[PDB]
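K.L.:
Give the three-dimensional model of this entry:
(one chain, ligands or ions: 1)
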Amino acid sequence: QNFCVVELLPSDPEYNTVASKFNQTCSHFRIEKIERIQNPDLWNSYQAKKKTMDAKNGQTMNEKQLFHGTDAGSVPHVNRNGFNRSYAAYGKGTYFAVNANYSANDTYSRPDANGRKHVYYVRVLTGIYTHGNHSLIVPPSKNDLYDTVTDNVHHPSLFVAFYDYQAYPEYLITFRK
Ligand SMILES: Cc1cccc2c(=O)[nH]c(CSc3nc(N)n[nH]3)nc12
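P.N.:
Numbering: from 1, shown residues only. Below is the structure in question.
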């Protein structure tokens, strides 16, 4: 469960890609730093699920880059386990938002004692998805089951994942009001 945290410089293209995406809905916030999380075992397991999904859902673009706001205390945990079973209404899973505004909410990305906020820019294997419900602990059956559940199938603003390795916390955005 080892990992490396690499901080990106603004001068950086990778920084500008993650930043501009964040700034579509959260430009009013001040970005302090953006870090790339490198956890090799979690990345390999995520790519093993991606290779399985790609050779199953045909023409479907299984991967989406979504946002996840969390308290500063959960950061070490996500860095090593991902969006684990001991970490996790439309279901009893882990929620990922299309736009950063949902994740930039103080109830999710709880400002710490220094008033810093935490949002992950996650690689999520959304695959084939349907509408969700409150009683879901796992995704519902098709007639096998779907990969994720969403609030609105044709105009989604969030996705809920249920199994591990379905999401990779690629970047971590540390910002303040
Ligand atoms: C429920 C929901 C909807 C939309 C976005 C989000 C989001 O960004 N983050 C979270 C995480 S709240 C949390 N769980 C644990 N274990 N620690 N903290 N939930 C969301």
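
K.L.:
What distance do you get for residue 97 to the ligand?
P.N.:
Residue 97 sits at a distance of 5 Å from the ligand (criterion: CB to the nearest ligand atom, to the nearest Å). Every residue, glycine included, has its C-beta placed from N, CA and C.

K.L.:
interface residues of the chain facing the ligand?
P.N.:
By the criterion of CB under 6 Å from any ligand atom, the positions of the chain lying close to the ligand are 68-71, 74, 87, 95, 97, 102-103, 108, 158.

K.L.:
Neighbour-wise, give me the winner out of these.
P.N.:
residue 103 (28 neighbours; other CB atoms under 10 Å).

K.L.:
Who are the contact partners of that one?
P.N.:
Taking CB atoms under 8 Å, 6 or more residues apart in numbering as the definition of contact, the neighbours of residue 103 are 67-69, 97, 109, 119-120.

K.L.:
Let me have the residues you listed in a markdown table, extended by distance to residue 58 and secondary structure.
P.N.:
Formatted as a markdown table, the contacts of residue 103 follow (distance: CB to CB, whole Å; DSSP: H, G, I helix; E, B strand; the rest coil):
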| residue | distance to residue 58 | secondary structure |
| --- | --- | --- |
| 67 | 27 | strand |
| 68 | 28 | strand |
| 69 | 33 | strand |
| 97 | 26 | strand |
| 109 | 36 | coil |
| 119 | 32 | strand |
| 120 | 29 | strand |
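
K.L.:
nearest to residue 11, of those?
P.N.:
Relative to residue 11, the closest of the contacts of residue 103 is residue 119; by CB to CB it sits at 21.5 Å.

K.L.:
now the residues of the chain next to the ligand in TSV, with distance to residue 8?
P.N.:
As requested, those are arranged in TSV below (distance: CB to CB, whole Å):
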residue	distance to residue 8
68	18
69	19
70	19
71	22
74	21
87	25
95	25
97	21
102	23
103	19
108	23
158	26
